[PDB]
Structure formats: structure tokens, C-alpha cells
Amino acid sequence: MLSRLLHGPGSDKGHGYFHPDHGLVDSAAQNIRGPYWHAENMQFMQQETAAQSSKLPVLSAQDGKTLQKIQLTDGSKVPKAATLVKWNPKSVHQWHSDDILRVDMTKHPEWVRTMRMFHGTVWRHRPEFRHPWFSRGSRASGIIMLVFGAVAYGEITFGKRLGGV
Amino acid sequence: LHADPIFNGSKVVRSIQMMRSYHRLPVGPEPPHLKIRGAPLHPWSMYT
Amino acid sequence: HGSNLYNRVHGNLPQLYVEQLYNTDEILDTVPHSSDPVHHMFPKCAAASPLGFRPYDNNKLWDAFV
Amino acid sequence: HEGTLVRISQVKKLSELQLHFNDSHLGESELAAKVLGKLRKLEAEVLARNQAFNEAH
Amino acid sequence: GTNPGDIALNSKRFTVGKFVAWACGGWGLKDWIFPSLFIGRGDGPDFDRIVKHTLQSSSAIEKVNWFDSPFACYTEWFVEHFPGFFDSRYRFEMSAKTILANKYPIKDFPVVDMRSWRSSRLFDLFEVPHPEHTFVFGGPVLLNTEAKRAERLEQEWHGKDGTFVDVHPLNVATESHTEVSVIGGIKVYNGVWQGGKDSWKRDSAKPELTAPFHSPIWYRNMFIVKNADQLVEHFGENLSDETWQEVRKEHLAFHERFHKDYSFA
Amino acid sequence: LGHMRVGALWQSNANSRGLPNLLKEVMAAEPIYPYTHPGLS
Amino acid sequence: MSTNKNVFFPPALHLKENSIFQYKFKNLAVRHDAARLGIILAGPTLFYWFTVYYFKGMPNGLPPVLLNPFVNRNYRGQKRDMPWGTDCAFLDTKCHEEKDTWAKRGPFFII
Amino acid sequence: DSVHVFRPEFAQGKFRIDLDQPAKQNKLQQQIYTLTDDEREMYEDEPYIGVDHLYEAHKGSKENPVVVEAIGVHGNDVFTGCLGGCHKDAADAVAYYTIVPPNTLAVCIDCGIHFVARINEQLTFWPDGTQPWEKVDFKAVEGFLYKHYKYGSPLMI
Amino acid sequence: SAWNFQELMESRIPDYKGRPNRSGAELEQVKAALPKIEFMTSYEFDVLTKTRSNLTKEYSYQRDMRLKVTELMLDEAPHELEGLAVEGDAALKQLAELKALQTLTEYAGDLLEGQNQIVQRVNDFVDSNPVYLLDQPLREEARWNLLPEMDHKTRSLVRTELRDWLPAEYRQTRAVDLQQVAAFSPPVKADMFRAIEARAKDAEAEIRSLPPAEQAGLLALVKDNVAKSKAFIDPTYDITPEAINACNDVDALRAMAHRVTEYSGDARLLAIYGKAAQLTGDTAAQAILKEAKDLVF
Ligand SMILES: [Zn+2]
């Protein structure tokens, strides 16, 4: 099918676009309401809150109650005392529940790098300027290339290669 | 007595100075393009 | 066009204009502000036409040379 | 106090319905000096914030 | 037009500017030797024409508030280049005054300026020279986004039934209304607060604070937009077509003594 | 820095020219109350 | 209110498999990709070495190609100046040694 | 049995603005399509639904105008337009654009339609991860809005 | 699968289905569950919900702001009108004072417009960030759906919550229509007329405590104000049953019936139409009027 090859509906023009069976999934839905195409074979776990992180620079912007409502887990082994809650498709609210166990993904290197880009450096409108010495090297390279070009033009035209003087 | 400027204040004037649609051709009730020979040229003609 | 640094610093997220203390060009290398002045294409013509003048005067040697 | 919108139910004279810019009367040099002072205060606060974050995360 | 600037320093026979123009463009010996052919009348105000247009006017020139308006600095340009300017301006001002003296509570005034002209190409709606950054906050919004879509064709394109597109369940519930009123012991549910599109009426008019509550006066400036390539205007409820044709005939009949003595060659 | 503007109140620029007040343009230097409130001081 | 909550503390989900890996290898597309990989690993690769083992002590008796005869040793008097000065092919390392070709070194920088 | 945690999308700024309110942003960036030639033919011969159009006031009357909403800066003129042919005597070859002051009643005297182009500013919390996760009240918002009205705020560019 | 050209959210095509297919048992169950319903003509709903006094459909806080600004402007008028000097006769001085008053009012009108714009901007902010002003479960239903695309119950709940998030002086609720409430409640009209007469008498006393010429001018103004205020509250206050009984003209009775029908369509229609039927011998009309007074009124 040309339509399906070029990322279209396919044979049926009223058909959708996503085929999560072969890896064509919806990132927006996953980020907002979680991967509801894994809903049949995955279940939320229900029962260490997040209040211990209420004093950190980036999490201090939240209220105490908000962090108290969040319950954490080690994220490796199943808590044997934790019940299982069925994951209901077509329900946009279950991914945001406070009764389900969660995992503190605030020590992830990507998390730290993002928040540092926002909370750990002086804001520069130009990412190249966010690195001072590299910008220095780059402008120096530009000047070097200008000089090299001028010298090469001078040498090739006049037939003397500047090494004997 | 001067209040804070607002875009719909009482002291806003029609923008007839800065041109926007330069190549337009005005329409509406307009005179016939009469052509008398030896008469002064009309202001609204292509000739001056 | 005059700078807008007073409004920028007194505005809503002043932390974004701290770099303005460093080697920075406001027109080129700074976060635009909601109250910034409108920059035109050819400022010389943009400033001369509303006054009725053309940008360059042949009497001035600098204008003639440019 | 400069943190709130004007409530008309508490206004006593029409002059209270206009915004007041304390620095509208300063000269160019004084205004520039004031802006630079505010910029340096902001710079100090930003550096303190950056230190606090980089030490904790 | 053009602003000559300093007339004094450009009248001299020999000038740096004239020599530069000769060298690079705009001047030559043809102007020094034959000014009557290549300079001739030049470009400037025509005092004789201004006097003629002034003395052809009726007593309207006395009764017009033009000389106190912010556009009074353009009096000579419009007296010279707009024959019958004062009579037309007097009719315009009397039209505004009679709209002001109406019996309607809302006085609508038509506004036309450089923005009142539509165009099929977006670069024609900006001031020249164009701003450095344009359409920063997105492009145009089409009025057609507020019209009902072609439901039948939309269903048909998808291979859906669409049989009952015009048959909808009725809805009679208190849960569907947020605007509740009590009118003489009757609790009327009617409407939902939508937001910015429910307050278009008040945000468009400005009150006369001295007018009593039983005889309100509101001022509204109605903007007018036209294509200028259409040749036919349809004002809607503001002006009927028959009245517009009548006004066209009368305007062309009155403003004829100001136009008949000139040729367009 | 030059003449930095103070505040962010509306200014007539290229992006915005405002809504003209035709009544003030026409009734310039002439009262309106002789028409809206005839006969009253 | 913001989605950042689920970015900061994403929910933890329960599986019936010992790892996501196993659970992720019940999709038929991943199974077919693994099958293609196994096809290439099993057939061609194991066979290749097999042939290498089968003909380990036997000659490569393919006749050599004939490039340039004896009467055309001068290449019809054609110029043969390489951009690196001498008249040796780039990767003819041994031939370079008989024509130096690398004594004419330049400077590290413009001077 | 095992626990899985899907890797979240950490990007902030424009992406997090899009993912916080996907309905509004999609509305802003959702393409809609116009009718082809055969579809125009099939639409022009569809029937009216009821005799209401003979009595009611059309959409685009002096009392029932076409109100439209753009995003921008307060007081900036709004760009709006027709697709052409709202009237029999109006052109329909291509879309026709318009520049109009905000929050004012304008009349197109090509078609005869009254419209209310108006601006809503997209003031949103600084997206750096400090956005609030639970219902917020009017105090902090009051301060931010006061500062924006009095001085203005940066642009997300 | 190696590419992904998705968008933030796919467009939504409505599914129409149709009116419910309720069987006989379901039909009877529904009919037995309904209240005592009175089906109303569209004219009745129109007169109930017509725009009479609040011409511009302005909310409460806008009217309050306008009245407050008028009070503040009046408190400052004498200072602005004090000491004016101009070369001319009395008429020229009067025109100068009129121009000064106009300038004062134009100054005060701009502050009011600025404040209206500011409150409108606050409410625009409320709409622009709905998910940040809502609790669960309405938050996700505001996140995923636009106003036209919500269920009626969820739509109403979301809008009410967003309105109530604001302080009392920013909530956008329509102001009361004096003429409407007077037209649909006879006591309210009587109270309004009593208030008008009380204010007229008090103003007459205040005037009588003033020098002569001002007395005549202000008394004429008071008479005009009372007349127009009454005509504003109830234009048909002169169509009394006494007047109806005194009217023996068919055209006049028709005019009265039209004027009442425009205003409220109340039992005075029964009176007018009964007197018209008697004068013309319309037995069918009399039967219909009996039915109406039994059911309609
Ligand atoms: Zn149109």
C-alpha cells in the first residue's frame, strides 16, 4: 500500500494512524495518560512518601500536602504486601491517581541535566554562549580560517610560498 | 487630566499616514474620466 | 531604538536578563520582551520616510560615499 | 506595597485608578544606575540559586 | 509626498550634492542649461489651485470643525488634491452629528483607514518597511472556523453511516446550564458561560457617564473592511442597497461642479 | 542605554495602531452635550 | 496539574514476567526481527566458516587478470604526476619508499 | 513477577506546554481541510434543515456576530480572514485576509458580515519544572498578573 | 515504524447514532418518571429571556464599576468647574463650562475602560490555564476536551468551578434586568414606582431649598426624569383595567393588545381580548379565552 508506506490511513480512509503492535505508538498519550496499549498485561500496585524531598531546590516549589500524597517504592522488586489495581483503558484519570505506588525518578541523570539547564546555570539566549570557552575557540577558529584563506590566495597567485622569507 | 493610554482611548486617531495596501485602486462613487483638450489636468488622473 | 532594560529588569522573569551584564548585544543576543520596540527592516528608511526625507543626502560627504 | 490589582470598590479618588511609576521622573544617568544595581542584585541571587542547586543535585 | 528640508542650501548653483548627483545619478548639465525642460514646474504646493478650490467652496468652509482636528496640518494637501473637500467634510461631520443626536441607545460610527482594505496576499497588510519579525504569534484566523463543518461530506469521506446526521436526541436537563435566573418566581435555566466570546457586546462600546439610566447613550466605533477590488458594497443592516444607490446618485450629482472643469487627458 | 521607556502601557506602533475615536475627530473643540443633553448647562 | 508530576514520580507497573525483556518478546514483530537475525546467523555465517574449514589446505587457482601489456608500458606517453608529487599510487606503500614521496613535508602551521 | 517503570519524557518548555494542555495547543496547530471540486458540487445541493433560516438571525448579524479569538499581545491588531464567497458577489478564488483592531465590532462590506476578532494572551507558568502539581489560588497569580500588566513579560521564543 | 510523523492529538470525527430506541416498557417507565410538564410556546420563552434593560448584557461588576466611576467623577466636578475664566457673555461661559465637563467625563471614561480591560484580561487568563485551576476528576476532562466537546454535566461543572476560582468582583454573571423583574412580578413594579415617587418628592424638596431660576429648571428636569423612569420600568403602565373598560375602539383595543403582548403577555390580554370579543360577537374567541384563563393564565 502506497498510503500505508507513506504513513497514511491505508486502504480504509476512515482509519487511524497508530499501530502499536509494530512499534508505531502515540508518544503524546503515553506522556499524558500512560501507555494504555499495555493495559491488559500490566497492573498498578496499591498499598515512604515523597515528603522527604520537600526541601530540595526544585521540589520545594510544591506544597507539602502534594508531596505527602505521593507514595514511593524502590522500583526493583515487587512489594509483597502491595495489592494490584487493574489498569482500565479509556480512563484518563487512573494514571494520575495518588493511591498507586510510584518511583522517585529525580536522581536520573537526564532529570538532573534538565533541571541544571534550568536551575543550575545562568540563562543564555544562545546555547553556544552557554559554554564560554568553546565559543572563544570557535571564533578563534573563524579568524584562523580567514587568515589561512588570505595567505593561501596570496601565495598561490604570486608563486612564492612564504617559507623562504 | 490624563489617563493611562489604552488602545481604544479617546485620543486615538485614524491611521491615514502609514501606507499598508499600497497598490490598491480606490472604488466607490467616482467622477467620469472626461478628457477635454487644453483644460487643467484633474488631481486624480495619471497625468500631471 | 532605545533599550528596554528598565522594563525587562522590572518585568516578570528578571532572571533571564542577568546575562545582559556580560558581553552581550541586546538586539541580537537577548530574550525578546513583550514590551520591546518594533524593529524595522531598514531603520534608515523607516525613520526617514515618515519625515518625508530620503535616507541619504548627497550634500553630506559621508552619505554620498556610503 | 506593589503586589496587587486595584479594586474599584475601595477607590476613593480617580487618581487611584492610574498606575504609578516611581522612576518616571529620573534622569538618564540615574535610571541607568538604578537598572544596573537591580541587575547586579539579580545576578547575586541567581548565583546563589545556582550554587544551592548544584550542591543538592 | 516630499519634504524639501532646507530650501536655502539646495538653491545654490554649484553644490556638492549637485556634483555628486552628476557623477552618480540624478543631475546633469541638462538641468544647468535647460532647467525649463528638466526641472520645469517642479513638485510642490500649487497656490493658485488652493485658492481656486477655496473660493469655489460654499459656506460649508465656515461650519466645519476641520481646523481644530488633529489632521488640520494637512489642510493644504487636501484642499489642493481633493476637489470639493470642504463640502464633503461638512456632510461627513453633519452625518456624525445626526447619528449622535439619534434616538437609539447605541451610536455606531463607521471608521475607515489604511487597515480597512483586505488582500489575498499577506505582505500587503503590513506597514512599509516591514517589521523585522512578523507573525510571531501565529498567522491569521479564518472566520470560517466558526461555521458548521460539512458534516455529511466528512462522514462520507470516512465511510461512516451518517444516516441520522440531522436526527439528534433532545436534551432537557438542569445539569447542562450554568446561567440560572429567577424571574417572578420562575427559575429559568438558559445558557452556559463560554468566556471571552460572551462579553463582546460590552467590550465594544463606551458609555456616556452623564447619560441617565433610563436614557442610556453608548458610543461604538464600527470598523469597516473592504476588498477594493469588488465594485459592490453590502453593508448589511447598517445601510440598505436602495439607500446606498440613492446616496451614490446624490453624491455624484452634488460633487460635479468641483469636477467638470478638469480633464484627465 | 538612551531613553528607556518606563512601564508597558499601550503605545501606537507598527503592530498596533488602536481604535480611532471618530467622535473626537469630528467634534474637535466643540461640545457634545448640546447634542446629547440639549438645553442644559 | 502539570504532567511533570508523572515525570518526577512516574507510576510503577506490575508484570507477570520475570523481566520486561520476556514480556516484550511476545510481540510478533519483535519475534520476526529476531527470526531474521537468527536466519542470518544460522545459515550464512555457520556455512561460511564451514567452507573455510572445508577448503583450508587447498589452493586459490583462479587465473590472474591481465592489466597492461609489455608494449604499452609507457601508457601511450600520458602524464602521471600525482597530486603528492611523485608517480606512485596512493596505497602503493612499497613503491613510495623507492621514490621517497614524503621528504617534501610542509610546516605544522602557515609558517 | 517484576516491576516496570516507563521512562518519562523529561523535556520542558514548549514540549511541556504542549503536553500540559493538549486540547488548546492542538486547536492552535490542527490543520483543517476545505472541500474539493466534487465535494463543492455535493455540498451546494444539500438541503437546509428546517425553516429556521427563514426566520432566525443568521450567524454574522449586527446582534449575532462572528466572534473569533487569536493569541498575541494585548492591543495588537488581529489577523483574520475569509475563505472567500460569503456572498454571491464576493470573490471566492482564494482566501482573503484582514487586519482589524481587537475587541471591536468590524463589518465586512464585501459579504456583509459583522465580526469580533479579539485577542487572548497566552500567559503561562514559567516551564522549568516548578509548575504547580495541585490546585493553585489567586494570590501568586495575582502578583504575576499585576507585574505582567504593569511591565510585561518575556516571550517564549 | 522507524518513522513517526504523529501530531499532538488526532482530529475527532463525531459518531452520530441517533435518537434512543426505547421500547414500550421503557417508554412507560420513562413517562411514569416525568414530572407534571407544561410545554411552553417559543413566544413565552422569548418574553421570559428577552433583553429589555441590560442592553449591552454587561455583568454585575461592570455595572458596579460604571456607577462607582460616576460617583467619583461627580465628587470632582465642582473642583474642575471652579474658577473658569473666559472672555465673552453668559452663553460663551456656559459653553466653556460644558467643554470642561466633557473633558472631565472623557477623562473618567478612560479609567473605567482600563479597569474593564484589566478584569477581562484576568478572566482571559482563567480560560487560558484551566487545568491549573481545577481539581480531579474535572482536570483531565478539561485537559483532553474543549468546551464544545465536553459532556453537558462535565461542561457545566468545569465552567462553574472556573468561575468560582475568581474573587467575587471578577466573576462574570449577567446583571439583573429591572424591567424584566418588574414585568414578571406585579409587587416589584409597585415597589419600583414607589421608589421613583419617593425620590421625586425628596428632589422637589431639595430644589425648593434653592434660588428661583434653578428651582424652575430643576423642577422641569425632575418631572421629565420621573416620566421617563416610569416609561423605562413599565412602558404599559397606563393600560389599566379601568382604561380597558373605558375603551370602545377596535383599533385602540388592538393596539393595547399588541403593546401588552410585546411587554409581558399577562391576563390583561384576557381582559382586552374579552372586551374585543364582546364588541364584535366572537363566540369562538370567547370559548378560547375561557380555555386560556383555565390553562394559560
Ligand atoms: Zn467574506
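- If you check the header, you'll see the entry was determined by cryo-EM and the resolution is listed as 3.06 Å.

1. Looking at the coordination of the zinc ion
Residues and elements named next belong to chain H.
Right, so step 1: Looking at the zinc ion, one finds its protein donor set to be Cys82 (SG), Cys86 (SG) and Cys111 (SG), positioned 2.3 Å from the metal centre.
Right, so step 2: One chain supplies every donor to the zinc ion, and in sequence these donors are spaced C-x3-C-x24-C.
Right, so step 3: In this structure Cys82 comes out as buried when scored by relative accessible area, which is 2%.

2. A look at the sheet that holds strand β2 (residues 141-142) of chain E
Right, so step 1: Taken together, three strands build an open sheet; the order of strands is β2(E)-β3(H)-β4(H) and the sheet is mixed. Of all the strands in the sheet, just β2 of chain E together with β4 (96-100) of chain H have a single pairing partner and so form its edges.
Right, so step 2: Two strands pair when backbone bridges link them, and strand β3 (residues 78-82) of chain H and β4 of chain H are joined in this way by five bridges, in the antiparallel orientation. Counted as the bridge partner of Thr80 of chain H is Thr98 of chain H from β4 of chain H.

3. Examining the pairing of strand β4 (residues 186-189) of chain E
Right, so step 1: Inspection of the sheet shows strand β3 (residues 180-183) of chain E paired to β4 of chain E by four bridges, in the antiparallel sense. Opposite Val180 of chain E, over in β4 of chain E, you have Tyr189 of chain E as the bridge partner.

4. Regarding the packing of helix α8 (residues 186-208) of chain I against helix α9 (residues 212-233) of chain I
Residues and elements named next belong to chain I.
Right, so step 1: Running from N to C, α8 and α9 cross one another at 175°; their axes reach a closest spacing of 10 Å. Taken together, the axis directions place α8 and α9 in an arrangement best described as roughly antiparallel. Across from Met192, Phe193, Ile196, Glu197, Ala200, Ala203, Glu204, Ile207 and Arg208 in α8, the residues of α9 making contact are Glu214, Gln215, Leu218, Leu219, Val222, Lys223, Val226, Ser229, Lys230 and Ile233.

5. Some words on the interface of chain H and chain E
A common way to state how big an interface is: give the accessible area lost once the parts meet.
Right, so step 1: In this complex, chain H contributes 55 residues to the contact, which on the side of chain E involves 45 residues.
Right, so step 2: Taken over both partners, the interface formed by chain H and chain E buries close to 4900 Å², and the fraction arising from carbon and sulfur atoms is 62%.
Right, so step 3: If you look at where chain H meets chain E, you find four salt bridges.
Right, so step 4: Residue classes in the side of chain H that touches chain E are distributed as 34 nonpolar, eleven polar and ten charged.

6. Considerations on empty space enclosed by the protein
Right, so step 1: Of the volumes computed, that of the largest cavity is approximately 290 Å³.
Right, so step 2: Taken together, 19 residues form the lining of the largest cavity, with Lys206, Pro207, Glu208 and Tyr219 of chain E together with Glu106 of chain I sitting closest to its centre.
Right, so step 3: Where the lining of the largest cavity is concerned, the elements lending two or more residues are β5 (205-207) and β6 (218-225) of chain E, α1 (22-26) of chain F together with α4 (90-128) of chain I.
Right, so step 4: Here the lining of the largest cavity is composed, by residue class, of seven nonpolar, six polar and six charged.
Right, so step 5: Roughly 150 Å³ of internal volume is contained in the second largest cavity.

7. Let's talk about the pairing of strand β6 (residues 113-119) of chain H
Residue and element names in this part refer to chain H.
Right, so step 1: In terms of burial, β6 is a largely internal element, seven of the seven residues being buried.
Right, so step 2: Alternating residues of β6 divide into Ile113, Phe115, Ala117 and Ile119 and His114, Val116 and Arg118, and every residue in both groups is buried.
Right, so step 3: As paired strands, strand β2 (residues 66-70) and β6 are joined by five bridges and run parallel to one another. Following the sheet pairing, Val67 is matched in β6 by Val116.
Right, so step 4: Where strand β5 (residues 106-108) folds back onto β6 in an antiparallel hairpin, the turn is made up of four residues, including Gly112, whose phi is positive at roughly 95°.

8. A word on the pattern of salt bridges
Proximity of charged atoms lets side chains of opposite charge pair with each other.
Right, so step 1: Under the definition given, this model contains 58 salt bridges over all chains.
Right, so step 2: With its nearest N and O atoms 3.8 Å apart, the salt bridge here joins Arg149 of chain E to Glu151 of chain E.
Right, so step 3: Judged by its relative accessible area of 45%, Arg149 of chain E falls in the partly exposed class.
Right, so step 4: When its relative accessible area of 15% is taken as the criterion, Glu151 of chain E is described as buried.
Right, so step 5: Overlapping salt bridges, with partners in common, bring together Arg14 of chain B, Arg89 and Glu93 of chain E together with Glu25 of chain F in one network.

The rules behind the values
Residues numbered from 1 in each chain as written, not as in the entry; some residues may be left out. Chains lettered and ligands numbered in written order. Part of a larger assembly, values for the part shown. Heavy atoms only, no water. Donors = N, O, S within 2.8 Å, 3.2 Å for Na, K, Ca; no water. Buried < 20%, exposed > 50% of the residue type's maximum accessible area, 1.4 Å probe, protein only. Pairing = 2+ DSSP bridges. Helix = DSSP H or I, 4+ residues; strand = E, 2+ residues; numbered from the N terminus. Axes fitted to C-alpha atoms, helices over the stretch in contact; angles between N-to-C directions. Parallel < 35°, antiparallel > 145°, perpendicular 65-115°, else oblique. Contact = heavy atoms within 4.5 Å. Buried area = accessible area lost by both parts, 1.4 Å probe. Salt bridge = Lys/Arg side-chain N within 4 Å of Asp/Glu carboxyl O. Nonpolar A, V, L, I, M, F, W, Y, C, P; charged D, E, K, R; others polar. 1 Å grid on protein atoms, 1.4 Å probe; cavity = no way out; pocket = protein on both sides within 12 Å on 5 of 7 lines; lining within 4 Å. Points joined across faces, edges and corners; volume = space filled by probe spheres on them.

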